[PDB]
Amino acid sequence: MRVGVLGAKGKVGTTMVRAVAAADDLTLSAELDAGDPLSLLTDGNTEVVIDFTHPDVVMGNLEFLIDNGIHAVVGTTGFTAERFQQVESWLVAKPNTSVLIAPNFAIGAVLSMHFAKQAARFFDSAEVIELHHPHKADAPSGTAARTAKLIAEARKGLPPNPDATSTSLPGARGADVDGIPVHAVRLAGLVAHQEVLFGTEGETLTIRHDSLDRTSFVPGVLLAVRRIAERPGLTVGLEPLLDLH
């Protein structure tokens, strides 16, 4: 299988390049970063692309890829409904082309979101603390926001988090994501971390995920790269490839 990487010089992208290069069943056929022509892709007869670039360019790369029938495994963040729709649109005229977009490729993260969904209804309180390296441009993380969305949707019909806050400094209570507070920590020394906190009378549940290293994202990505053509169209999240094995 001929695999190309968009964002090859990036913190994550370079890690994927080594991963592909080292995979016995994959041929690294393209290494693009900022300012490299996309035809390098079509030129090396790339079959699938791993994209870890930027919210400002991903839709550009996606149109090209789908246009040329190249499958895409996308980790780049910032996707929205309209974006998904756009993708969803684009892919309609391009059947047999698969695009997989995951807010996080680490298994612990995927499991965390799963568990949070399950625990949400049993508690009175839920907040999300997210912790990342100081080079991350967006806060809160997409993973954190998506996790707040899931908790909120799972608690439909229940009252809101109890909060007697009457005076506070702006921002102390974090960002409101569908009524779930989300706090973003940007600290040197960190990579990617998230804590989901549930509380009720006299007890709390914490689901914590820690990416100590960017290699943590490779198994998930390569798993997707390999079974990409199984589900043609648009897949979101890794869950579909996991709640099997």
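Residue positions are given as counts along the sequence shown, with the first one as 1.
>> If you take the mean CA temperature factor per stretch, which one wins between 185-193 and 41-49?
In response: The deposited B-factors put 41-49 ahead on the C-alpha mean.
> Mean CA B-factor: is it higher for 82-90 or for 68-76?
Replying inline: According to the entry, 82-90 carries the higher average C-alpha B-factor.
>> Just to confirm, going by the entry's C-alpha B-factors, which of 31, 178, 210, 203 comes out highest?
In response: Each of 31, 178, 210, 203 was compared by C-alpha B-factor; the highest is 31.
> By the record's CA B-factor, is residue 61 among the lowest, middle or highest third of residues in the chain?
Replying inline: Residue 61: CA B-factor falls in the highest third of its chain.
> So where's residue 174 on the chain's Cα temperature factor ranking, which third?
Replying inline: For residue 174, whose C-alpha B-factor we compare with every modelled residue in the chain, the answer is the lowest third.
> Which third of the chain does residue 103 land in by C-alpha B-factor: lowest, middle or highest?
Replying inline: Middle third.
> Split the chain's modelled residues into thirds by Cα B-factor; is residue 162 in the lowest, middle or highest one?
Replying inline: According to the entry, residue 162 has a C-alpha B-factor in the chain's lowest third.
>> For the chain shown, is the CA B-factor of residue 228 in the lowest, middle or highest third of its modelled residues?
In response: Its C-alpha B-factor, which the entry lists for residue 228, ranks in the highest third among residues of this chain.
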